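Below you'll find the structure, written out as structure tokens, and then a few comments.
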Amino acid sequence: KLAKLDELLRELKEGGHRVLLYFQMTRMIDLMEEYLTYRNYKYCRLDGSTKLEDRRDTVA
DNA sequence: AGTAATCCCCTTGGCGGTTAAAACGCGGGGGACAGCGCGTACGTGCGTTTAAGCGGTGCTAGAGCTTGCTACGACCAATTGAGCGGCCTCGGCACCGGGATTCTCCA
């Protein structure tokens, strides 16, 4: 998945697309967040551990 | 019926500052501590006598155990209001300042 995601994210970013990724596991949000920091992608995160003001602002 | 995400809450950890409490220096005083002399008060030994300890005899109070039952507490279901959790407020206690009284110490 992460291989095919990395190809797809490259095709999308070269396309100028903007993307939402859904996870059933929040630990996969941690692992994915490492991969994103190890590449050029600016990103945001929401899950069930975030406080509500952080949800407000990250969506904004 | 199970296991994981979501979300509340409450505890731990960090950052800044501010200031009040801990640390540091130094003179001197007076209290700790070793030293001395005496004298009286406690340990010792003896002769005295006192009664604690032992072996023995006698009695009856009352500790200890069984029997019998009925009075009193355990248990349950229905009723209700006394007592708890939450919200409010105002008045008691603290906190400050300032002048008055007290206490301390060197003269």
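Numbered from 1 within each chain, the chains take letters A, B, ... in sequence-line order. Note: hydrogens, waters and symmetry copies are ignored here, and every other heavy atom, side chains too, is used.
Minimum interatomic distance between A/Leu46 and A/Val59 (heavy atoms only, all atoms of both residues): CD2-CG2, 3.8 Å.
Environment of CZ in A/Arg18: sparse, with no more than 12 heavy atoms of neighbouring residues, nucleotides or ligands closer than 6.0 Å. More than 12 non-hydrogen atoms from other residues, nucleotides or ligands lie less than 6.0 angstrom from CD of A/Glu11. Around CE of A/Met28, the count of heavy atoms belonging to other residues, nucleotides or ligands within 6.0 Å exceeds 12.
A/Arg45 pairs with exactly one of A/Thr58, A/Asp54, A/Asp30, A/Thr50 by the side-chain hydrogen bond (donor to acceptor under 3.5 Å, both in side chains) rule, that one being A/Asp30. Test A/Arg39, A/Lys1, A/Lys13 against A/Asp6 for salt bridge (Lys or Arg N to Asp or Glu O under 4.0 Å) and you get one pass: A/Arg39.
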Worksheet item: Do A/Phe23 and A/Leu21 pass the side chain to side chain contact (heavy atoms under 4.5 Å, CB included) test, and can you show the C-alpha distance, the side-chain angles, and the key distance before you say yes or no?
Response: CA-CA 7 Å; A/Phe23 301 85; A/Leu21 267 63; 3.5 Å; yes

Discussion item. If you apply the rule side chain to side chain contact (heavy atoms under 4.5 Å, CB included), what do you find for A/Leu36 with A/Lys42, and how did you get there?
Written reply: CA-CA 8 Å; A/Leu36 292 182; A/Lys42 282 176 171 168; over 6 Å; no

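Distance check, rounded to the nearest 0.5 Å: CZ of A/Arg10 to OH of A/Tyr41 gives 4.0 Å. The line from OG1 of A/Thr26 to CG of A/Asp47 is 6.0 Å long, rounded to the nearest 0.5 Å. With rounding to the nearest 0.5 angstrom, the CZ atom of A/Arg27 is 14.5 Å from the CD atom of A/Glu33.
Looking at A/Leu2 and A/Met32, their side chains come closer than 4.5 Å, going by heavy atoms from C-beta outward.
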